Amino acid sequence: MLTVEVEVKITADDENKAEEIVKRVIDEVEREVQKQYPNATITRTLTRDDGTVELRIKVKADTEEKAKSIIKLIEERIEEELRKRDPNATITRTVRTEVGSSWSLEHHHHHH
C-alpha cells in the first residue's frame, strides 16, 4: 500500500465557515470509508491562506487508484455541503505527489 498527498484549494465566501463544513464533512465521510476500505487511512490538514481554506488530504490506501476514489468522493461532498450557503464554493485539486521516477537501465552488451 502507498500514501497519496493532494492539495485541494477550497475557495468559499466565508473561509471560517468553509473550514467548519469541510472539517465535519471529511470526518463524516471518513467513518463511512473506514468500513469499505479497513486499511485505508484518511488524514487531512486545513491551512487558511489569503482567504482560501487549503485542504491538504493524505490518503494511505491499497493503490493510488483506490486512494483517488476516496479523495474524489471527499471533493464531491466538501463542495456540495459548502455550495448550499457559499455560492462561490469551488475546490481546486493540485496533486503534491508525482509517480513516475524514471531511471537509466544502462546495460553494455559485453559477453564472450
# chains A, B, ... in the order shown; residues from 1 in each chain; ligands from 1
>>> closest_atom_pairs(of="segment 5-54 of chain A", to="segment 64-70 of chain A", cutoff="10 Å", atoms="only C-alpha atoms", output="JSON lines")
{"residue": "A:5", "atom": "CA", "partner": "A:67", "partner_atom": "CA", "distance": 9.5}
{"residue": "A:6", "atom": "CA", "partner": "A:68", "partner_atom": "CA", "distance": 9.4}
{"residue": "A:29", "atom": "CA", "partner": "A:70", "partner_atom": "CA", "distance": 9.2}
{"residue": "A:30", "atom": "CA", "partner": "A:70", "partner_atom": "CA", "distance": 9.1}
{"residue": "A:33", "atom": "CA", "partner": "A:70", "partner_atom": "CA", "distance": 7.4}
{"residue": "A:37", "atom": "CA", "partner": "A:66", "partner_atom": "CA", "distance": 9.0}
{"residue": "A:40", "atom": "CA", "partner": "A:67", "partner_atom": "CA", "distance": 7.9}
{"residue": "A:41", "atom": "CA", "partner": "A:67", "partner_atom": "CA", "distance": 9.5}
{"residue": "A:42", "atom": "CA", "partner": "A:70", "partner_atom": "CA", "distance": 8.6}
>>> write_last_selection(atoms="N, CA, C and O atoms", output="PDB file, in the first residue's frame")
ATOM      1  N   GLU A   5      -0.873  12.229  -1.519  1.00  0.00           N
ATOM      2  CA  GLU A   5      -0.970  13.579  -0.956  1.00  0.00           C
ATOM      3  C   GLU A   5      -1.396  14.572  -2.047  1.00  0.00           C
ATOM      4  O   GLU A   5      -0.675  14.773  -3.033  1.00  0.00           O
ATOM      5  N   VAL A   6      -2.581  15.166  -1.870  1.00  0.00           N
ATOM      6  CA  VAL A   6      -3.123  16.205  -2.761  1.00  0.00           C
ATOM      7  C   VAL A   6      -3.451  17.457  -1.942  1.00  0.00           C
ATOM      8  O   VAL A   6      -3.745  17.375  -0.748  1.00  0.00           O
ATOM      9  N   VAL A  29     -17.562  11.418   6.311  1.00  0.00           N
ATOM     10  CA  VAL A  29     -17.222  10.574   5.162  1.00  0.00           C
ATOM     11  C   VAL A  29     -16.153   9.536   5.570  1.00  0.00           C
ATOM     12  O   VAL A  29     -16.179   8.397   5.098  1.00  0.00           O
ATOM     13  N   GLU A  30     -15.270   9.936   6.508  1.00  0.00           N
ATOM     14  CA  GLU A  30     -14.130   9.120   6.972  1.00  0.00           C
ATOM     15  C   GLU A  30     -14.619   7.804   7.563  1.00  0.00           C
ATOM     16  O   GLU A  30     -14.198   6.739   7.122  1.00  0.00           O
ATOM     17  N   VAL A  33     -15.895   5.527   4.910  1.00  0.00           N
ATOM     18  CA  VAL A  33     -14.830   4.963   4.058  1.00  0.00           C
ATOM     19  C   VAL A  33     -14.063   3.869   4.827  1.00  0.00           C
ATOM     20  O   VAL A  33     -13.643   2.884   4.231  1.00  0.00           O
ATOM     21  N   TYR A  37     -12.947   0.355   3.068  1.00  0.00           N
ATOM     22  CA  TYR A  37     -11.501   0.134   2.980  1.00  0.00           C
ATOM     23  C   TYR A  37     -10.921   0.191   4.417  1.00  0.00           C
ATOM     24  O   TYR A  37     -10.642   1.291   4.919  1.00  0.00           O
ATOM     25  N   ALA A  40      -7.302   1.627   4.725  1.00  0.00           N
ATOM     26  CA  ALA A  40      -7.131   2.983   4.184  1.00  0.00           C
ATOM     27  C   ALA A  40      -7.247   4.020   5.312  1.00  0.00           C
ATOM     28  O   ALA A  40      -8.267   4.088   6.011  1.00  0.00           O
ATOM     29  N   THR A  41      -6.195   4.829   5.460  1.00  0.00           N
ATOM     30  CA  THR A  41      -6.074   5.842   6.499  1.00  0.00           C
ATOM     31  C   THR A  41      -6.309   7.228   5.892  1.00  0.00           C
ATOM     32  O   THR A  41      -5.559   7.661   5.010  1.00  0.00           O
ATOM     33  N   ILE A  42      -7.370   7.896   6.350  1.00  0.00           N
ATOM     34  CA  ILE A  42      -7.704   9.258   5.925  1.00  0.00           C
ATOM     35  C   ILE A  42      -7.093  10.253   6.917  1.00  0.00           C
ATOM     36  O   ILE A  42      -7.335  10.176   8.121  1.00  0.00           O
TER      37      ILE A  42
END
>>> select_by_dssp(residues="chain A", states="alpha helix (DSSP H)", output="mmCIF file with N, CA, C and O atoms, in the first residue's frame")
data_model
loop_
_atom_site.group_PDB
_atom_site.id
_atom_site.type_symbol
_atom_site.label_atom_id
_atom_site.label_comp_id
_atom_site.auth_asym_id
_atom_site.auth_seq_id
_atom_site.Cartn_x
_atom_site.Cartn_y
_atom_site.Cartn_z
ATOM 1 N N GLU A 15 -14.240 31.746 4.624
ATOM 2 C CA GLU A 15 -13.182 30.734 4.877
ATOM 3 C C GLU A 15 -13.293 30.141 6.303
ATOM 4 O O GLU A 15 -12.856 29.014 6.549
ATOM 5 N N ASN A 16 -13.879 30.922 7.235
ATOM 6 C CA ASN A 16 -14.193 30.461 8.602
ATOM 7 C C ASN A 16 -15.234 29.325 8.546
ATOM 8 O O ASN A 16 -14.985 28.220 9.024
ATOM 9 N N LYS A 17 -16.379 29.606 7.907
ATOM 10 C CA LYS A 17 -17.476 28.635 7.763
ATOM 11 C C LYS A 17 -17.105 27.491 6.799
ATOM 12 O O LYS A 17 -17.563 26.358 6.979
ATOM 13 N N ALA A 18 -16.247 27.789 5.809
ATOM 14 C CA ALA A 18 -15.742 26.775 4.867
ATOM 15 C C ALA A 18 -14.925 25.721 5.606
ATOM 16 O O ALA A 18 -15.102 24.523 5.385
ATOM 17 N N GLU A 19 -14.067 26.206 6.516
ATOM 18 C CA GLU A 19 -13.287 25.364 7.427
ATOM 19 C C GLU A 19 -14.227 24.449 8.241
ATOM 20 O O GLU A 19 -14.032 23.242 8.268
ATOM 21 N N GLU A 20 -15.293 25.051 8.816
ATOM 22 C CA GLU A 20 -16.252 24.354 9.703
ATOM 23 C C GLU A 20 -16.937 23.163 8.995
ATOM 24 O O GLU A 20 -16.919 22.017 9.498
ATOM 25 N N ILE A 21 -17.508 23.457 7.814
ATOM 26 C CA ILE A 21 -18.229 22.484 6.984
ATOM 27 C C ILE A 21 -17.289 21.347 6.561
ATOM 28 O O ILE A 21 -17.541 20.191 6.887
ATOM 29 N N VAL A 22 -16.168 21.714 5.921
ATOM 30 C CA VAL A 22 -15.202 20.751 5.364
ATOM 31 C C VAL A 22 -14.607 19.836 6.467
ATOM 32 O O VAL A 22 -14.433 18.635 6.238
ATOM 33 N N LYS A 23 -14.374 20.401 7.677
ATOM 34 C CA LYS A 23 -13.933 19.625 8.865
ATOM 35 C C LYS A 23 -14.909 18.473 9.158
ATOM 36 O O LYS A 23 -14.523 17.277 9.116
ATOM 37 N N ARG A 24 -16.184 18.842 9.407
ATOM 38 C CA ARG A 24 -17.216 17.863 9.766
ATOM 39 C C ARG A 24 -17.418 16.843 8.633
ATOM 40 O O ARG A 24 -17.411 15.642 8.883
ATOM 41 N N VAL A 25 -17.517 17.349 7.391
ATOM 42 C CA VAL A 25 -17.844 16.543 6.207
ATOM 43 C C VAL A 25 -16.829 15.406 5.999
ATOM 44 O O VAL A 25 -17.235 14.257 5.852
ATOM 45 N N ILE A 26 -15.519 15.733 6.044
ATOM 46 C CA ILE A 26 -14.449 14.722 5.876
ATOM 47 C C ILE A 26 -14.531 13.669 6.984
ATOM 48 O O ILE A 26 -14.364 12.490 6.718
ATOM 49 N N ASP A 27 -14.814 14.125 8.221
ATOM 50 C CA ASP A 27 -14.919 13.231 9.395
ATOM 51 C C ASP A 27 -16.141 12.277 9.278
ATOM 52 O O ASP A 27 -16.066 11.103 9.670
ATOM 53 N N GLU A 28 -17.244 12.784 8.693
ATOM 54 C CA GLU A 28 -18.489 12.009 8.483
ATOM 55 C C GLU A 28 -18.330 11.010 7.327
ATOM 56 O O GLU A 28 -18.899 9.915 7.348
ATOM 57 N N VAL A 29 -17.562 11.418 6.311
ATOM 58 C CA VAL A 29 -17.222 10.574 5.162
ATOM 59 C C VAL A 29 -16.153 9.536 5.570
ATOM 60 O O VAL A 29 -16.179 8.397 5.098
ATOM 61 N N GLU A 30 -15.270 9.936 6.508
ATOM 62 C CA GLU A 30 -14.130 9.120 6.972
ATOM 63 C C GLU A 30 -14.619 7.804 7.563
ATOM 64 O O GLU A 30 -14.198 6.739 7.122
ATOM 65 N N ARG A 31 -15.576 7.909 8.499
ATOM 66 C CA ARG A 31 -16.148 6.746 9.201
ATOM 67 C C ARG A 31 -16.886 5.798 8.234
ATOM 68 O O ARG A 31 -16.985 4.594 8.488
ATOM 69 N N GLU A 32 -17.368 6.340 7.101
ATOM 70 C CA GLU A 32 -18.069 5.551 6.075
ATOM 71 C C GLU A 32 -17.093 4.938 5.054
ATOM 72 O O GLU A 32 -17.432 3.957 4.391
ATOM 73 N N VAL A 33 -15.895 5.527 4.910
ATOM 74 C CA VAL A 33 -14.830 4.963 4.058
ATOM 75 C C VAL A 33 -14.063 3.869 4.827
ATOM 76 O O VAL A 33 -13.643 2.884 4.231
ATOM 77 N N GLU A 64 -2.982 3.719 -5.643
ATOM 78 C CA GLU A 64 -3.231 5.146 -5.898
ATOM 79 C C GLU A 64 -4.639 5.364 -6.469
ATOM 80 O O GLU A 64 -5.289 6.329 -6.122
ATOM 81 N N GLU A 65 -5.107 4.412 -7.295
ATOM 82 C CA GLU A 65 -6.425 4.477 -7.954
ATOM 83 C C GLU A 65 -7.570 4.468 -6.916
ATOM 84 O O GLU A 65 -8.516 5.260 -7.000
ATOM 85 N N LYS A 66 -7.431 3.574 -5.925
ATOM 86 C CA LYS A 66 -8.398 3.416 -4.825
ATOM 87 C C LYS A 66 -8.312 4.598 -3.845
ATOM 88 O O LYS A 66 -9.309 4.960 -3.218
ATOM 89 N N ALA A 67 -7.112 5.199 -3.735
ATOM 90 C CA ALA A 67 -6.900 6.414 -2.935
ATOM 91 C C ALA A 67 -7.596 7.621 -3.588
ATOM 92 O O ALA A 67 -8.250 8.395 -2.900
ATOM 93 N N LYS A 68 -7.484 7.725 -4.932
ATOM 94 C CA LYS A 68 -8.096 8.820 -5.728
ATOM 95 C C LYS A 68 -9.623 8.739 -5.686
ATOM 96 O O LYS A 68 -10.298 9.758 -5.775
ATOM 97 N N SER A 69 -10.141 7.504 -5.613
ATOM 98 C CA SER A 69 -11.566 7.241 -5.391
ATOM 99 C C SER A 69 -12.053 7.929 -4.097
ATOM 100 O O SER A 69 -13.041 8.673 -4.112
ATOM 101 N N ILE A 70 -11.294 7.709 -3.008
ATOM 102 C CA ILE A 70 -11.579 8.277 -1.681
ATOM 103 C C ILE A 70 -11.462 9.821 -1.709
ATOM 104 O O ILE A 70 -12.348 10.518 -1.218
ATOM 105 N N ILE A 71 -10.382 10.323 -2.343
ATOM 106 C CA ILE A 71 -10.116 11.772 -2.488
ATOM 107 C C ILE A 71 -11.262 12.466 -3.242
ATOM 108 O O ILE A 71 -11.768 13.496 -2.798
ATOM 109 N N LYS A 72 -11.674 11.849 -4.366
ATOM 110 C CA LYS A 72 -12.674 12.428 -5.267
ATOM 111 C C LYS A 72 -14.030 12.546 -4.570
ATOM 112 O O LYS A 72 -14.647 13.600 -4.632
ATOM 113 N N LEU A 73 -14.466 11.470 -3.876
ATOM 114 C CA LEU A 73 -15.791 11.454 -3.221
ATOM 115 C C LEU A 73 -15.833 12.416 -2.005
ATOM 116 O O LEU A 73 -16.912 12.884 -1.611
ATOM 117 N N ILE A 74 -14.642 12.700 -1.420
ATOM 118 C CA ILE A 74 -14.475 13.772 -0.418
ATOM 119 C C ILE A 74 -14.651 15.146 -1.104
ATOM 120 O O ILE A 74 -15.408 15.976 -0.621
ATOM 121 N N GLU A 75 -13.987 15.338 -2.270
ATOM 122 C CA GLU A 75 -14.044 16.601 -3.047
ATOM 123 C C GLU A 75 -15.450 16.867 -3.608
ATOM 124 O O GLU A 75 -15.818 18.031 -3.827
ATOM 125 N N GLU A 76 -16.229 15.787 -3.826
ATOM 126 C CA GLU A 76 -17.651 15.905 -4.159
ATOM 127 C C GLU A 76 -18.374 16.564 -2.974
ATOM 128 O O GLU A 76 -18.823 17.703 -3.068
ATOM 129 N N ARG A 77 -18.328 15.863 -1.828
ATOM 130 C CA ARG A 77 -19.106 16.192 -0.628
ATOM 131 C C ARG A 77 -18.764 17.587 -0.056
ATOM 132 O O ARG A 77 -19.671 18.380 0.202
ATOM 133 N N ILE A 78 -17.460 17.879 0.110
ATOM 134 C CA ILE A 78 -16.997 19.132 0.745
ATOM 135 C C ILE A 78 -17.442 20.372 -0.052
ATOM 136 O O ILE A 78 -17.639 21.430 0.534
ATOM 137 N N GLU A 79 -17.589 20.223 -1.389
ATOM 138 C CA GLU A 79 -18.069 21.308 -2.257
ATOM 139 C C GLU A 79 -19.606 21.373 -2.250
ATOM 140 O O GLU A 79 -20.153 22.464 -2.269
ATOM 141 N N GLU A 80 -20.293 20.201 -2.195
ATOM 142 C CA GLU A 80 -21.777 20.151 -2.213
ATOM 143 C C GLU A 80 -22.363 20.891 -0.995
ATOM 144 O O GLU A 80 -23.100 21.870 -1.154
ATOM 145 N N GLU A 81 -21.964 20.441 0.214
ATOM 146 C CA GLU A 81 -22.493 20.949 1.506
ATOM 147 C C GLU A 81 -22.162 22.444 1.701
ATOM 148 O O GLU A 81 -22.937 23.202 2.302
ATOM 149 N N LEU A 82 -20.998 22.836 1.174
ATOM 150 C CA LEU A 82 -20.464 24.196 1.277
ATOM 151 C C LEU A 82 -21.178 25.140 0.290
ATOM 152 O O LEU A 82 -21.539 26.260 0.651
ATOM 153 N N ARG A 83 -21.423 24.634 -0.941
ATOM 154 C CA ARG A 83 -22.018 25.426 -2.047
ATOM 155 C C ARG A 83 -23.463 25.852 -1.717
ATOM 156 O O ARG A 83 -23.956 26.855 -2.243
#
>>> atom_distance(atom1="atom CA of residue 35 of chain A", atom2="atom CA of residue 54 of chain A")
27.0 Å
>>> closest_residue(among="A:93, A:58, A:101, A:109", to="residue 2 of chain A", atoms="only C-alpha atoms")
A:58
>>> atom_distance(atom1="atom CA of residue 86 of chain A", atom2="atom CA of residue 12 of chain A")
5.7 Å
>>> atom_distance(atom1="atom CA of residue 49 of chain A", atom2="atom CA of residue 96 of chain A")
16.9 Å
>>> select_by_dssp(residues="chain A", states="strand (DSSP E)", output="PyMOL selection string")
chain A and resi 2-11+41-49+52-61+90-95
>>> write_last_selection(atoms="C-alpha atoms", output="CSV table (one decimal), in the first residue's frame")
chain,number,residue,atom,x,y,z
A,2,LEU,CA,1.1,3.6,-0.8
A,3,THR,CA,0.2,7.1,0.6
A,4,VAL,CA,-1.3,9.8,-1.7
A,5,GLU,CA,-1.0,13.6,-1.0
A,6,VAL,CA,-3.1,16.2,-2.8
A,7,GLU,CA,-3.7,19.9,-2.0
A,8,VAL,CA,-7.4,20.8,-2.5
A,9,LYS,CA,-7.7,24.7,-2.5
A,10,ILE,CA,-11.2,25.4,-1.3
A,11,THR,CA,-12.4,28.9,-2.2
A,41,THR,CA,-6.1,5.8,6.5
A,42,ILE,CA,-7.7,9.3,5.9
A,43,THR,CA,-5.6,12.2,7.1
A,44,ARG,CA,-6.4,15.9,6.4
A,45,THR,CA,-4.9,19.4,7.2
A,46,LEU,CA,-6.9,22.6,6.7
A,47,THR,CA,-4.5,25.6,6.4
A,48,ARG,CA,-6.0,29.0,5.6
A,49,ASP,CA,-4.1,31.2,3.1
A,52,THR,CA,-8.7,30.2,0.8
A,53,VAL,CA,-9.1,27.0,3.0
A,54,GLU,CA,-6.1,24.9,1.7
A,55,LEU,CA,-7.1,21.4,2.5
A,56,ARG,CA,-4.2,19.0,2.1
A,57,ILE,CA,-5.6,15.4,2.0
A,58,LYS,CA,-3.3,12.4,2.8
A,59,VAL,CA,-4.9,9.1,1.9
A,60,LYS,CA,-2.8,6.0,2.7
A,61,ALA,CA,-4.6,3.3,0.6
A,90,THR,CA,-15.2,25.9,-5.7
A,91,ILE,CA,-12.4,23.4,-4.9
A,92,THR,CA,-9.0,23.2,-6.8
A,93,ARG,CA,-7.2,19.8,-7.0
A,94,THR,CA,-3.4,20.3,-7.0
A,95,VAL,CA,-1.6,16.9,-6.7
